[PDB]
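For reference, the structure is listed below as structure tokens.
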Amino acid sequence: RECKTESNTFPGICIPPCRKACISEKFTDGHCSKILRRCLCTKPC
Amino acid sequence: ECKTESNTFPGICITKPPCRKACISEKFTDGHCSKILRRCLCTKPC
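Chains as they are written, first to last, in UniProt numbering: chain U, 26 to 40, 43 to 72; chain H, 27 to 72.
Below you can see the structure in the form of structure tokens.
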């Protein structure tokens, strides 16, 4: 299962700094969502 | 959507409503039990 949830520490709007925030939060990657422009973290779970 | 395990739901996910409740408290919009491990999974637009 891949878990995907918004970064808790990423500041502001998401348009690399997301990936960095997510790894800091112990996820394995991060990306920006297309519509809401949020930093979303992903990891195996 | 975002989809991840509920952090506050206690124990095994037997039926959906208590999982949905926990997920909504965690500011998701819905929850459901996983087929086999029967974990409570939360979902929301993201």
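Cβ atoms here follow ideal geometry from the backbone N, Cα and C, with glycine treated the same way.
Closest Cα partner of residue i within the set the options
i       : options                            : result
U/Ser51 : U/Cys28, U/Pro71, U/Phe35, U/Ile62 : U/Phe35
Min CB distance residue i to chain H below 8 Å
i       : result
U/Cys28 : yes
U/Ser60 : yes
Cβ pair residue i, residue j closer than 8 Å
i       : j       : result
H/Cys68 : H/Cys39 : no
H/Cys72 : H/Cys28 : yes
U/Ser60 : U/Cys49 : no
H/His58 : H/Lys42 : yes
H/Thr30 : U/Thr30 : yes
Chain U residues whose Cβ lies nearer than 9 Å to that of residue i
i       : result
H/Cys45 : Within 9 Å Cβ-Cβ: nothing; H/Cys45 doesn't reach chain U, min ~15 Å.
Within chain U, the residues that residue i reaches when beta carbons sit closer than 8 Å
i       : result
H/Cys72 : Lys29, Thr30, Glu31, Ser60, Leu63, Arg65, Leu67
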